[PDB]
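Single chain ahead, written as structure tokens, the form deposited in one PDB entry.
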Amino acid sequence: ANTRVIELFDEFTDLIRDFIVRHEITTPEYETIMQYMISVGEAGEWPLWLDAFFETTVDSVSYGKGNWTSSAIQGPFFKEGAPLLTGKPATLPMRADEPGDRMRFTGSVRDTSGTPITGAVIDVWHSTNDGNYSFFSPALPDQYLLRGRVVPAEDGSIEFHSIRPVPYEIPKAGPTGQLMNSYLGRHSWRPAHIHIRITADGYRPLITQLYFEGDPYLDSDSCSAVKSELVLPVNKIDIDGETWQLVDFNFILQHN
């Protein structure tokens, strides 16, 4: 027996039941829903699906709100064990010829007093110029491409080089995409983003995302995860024929 489950489950079932009566959900609709749940499972989309609609709320309960950096969902594409980068400067692992503009990120990690948090490790992950994540696409190796950890200098500053991630489309043809495009008449795009996770002894993990100014999807994120402070100004420069996009961000972590 588990009392937590009993408490919650009965109120959950009561609420869905009232929901079924109040919205007149009939036999054929029910079977549609049922078959839809089955197909989400068959496509392995539950993490994708649940993250898209409910994970922002779970984050809220967990991280609260305040002076520190805002959360954004982890999503389903994180992978533990990303390699530590200590090169100067640190570059995420990528293919020779890795497509996209080049990107340089600088920033810092401090608490709310502005003391540097030397004990932090920062995970980074993002998709290819083509909208795929390593480990999650048949078109990419199951290797740590575009994934890495960096540690702050003792003054708290950090830096990593990579490629510029682009807007990402949840597949139109899977059940998650079919809900977003067809049944809801919306779309299934997210704006371009860099995923960040920062942990440190004495501190609450920060899991967040960084977005880019002028992204067409900033106001219609299909996972509803954009916050204004997380949208980054871009300074575009040329070097040797290659465009570099320079972005910067100061992370503040929450005590505990």
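Here the rigid core means the biggest group of C-alpha atoms that line up within 1.5 Å when the two forms are laid on top of each other. All residue numbers refer to positions in the sequence shown, first residue = 1.
- According to the PDB record, 114 to 122 carries the higher mean C-alpha B-factor of the two stretches 114 to 122 and 72 to 80.
- Annotation for 85 to 93 versus 145 to 153: the higher mean temperature factor (C-alpha) is found in 85 to 93.
- Going by the entry's values, 218 shows the largest Cα B-factor out of 50, 218, 210, 34.
- Note on the listed residues 182, 162, 106, 127: the highest Cα temperature factor in the record is that of 182.
- Sort the chain's modelled residues by C-alpha temperature factor and residue 134 lands in the lowest third, per the entry.
- When the modelled residues of the chain are ordered by C-alpha B-factor, residue 28 sits in the middle third.
- Annotation for residue 62: CA B-factor lies in the highest third of the chain's modelled residues.
- For residue 191, the recorded CA B-factor ranks within the lowest third of the chain. Only modelled residues enter the ranking.
- In the deposited entry, the Cα temperature factor of residue 41 places it in the lowest third of its chain's modelled residues.
The form deposited in another entry exists for this protein as well; it is not shown, and the discussion that follows is about that form.
- Shown in the overlay between this form and the one not shown, fitted on the rigid core, is a CA shift at residue 239 of 2 Å or greater.
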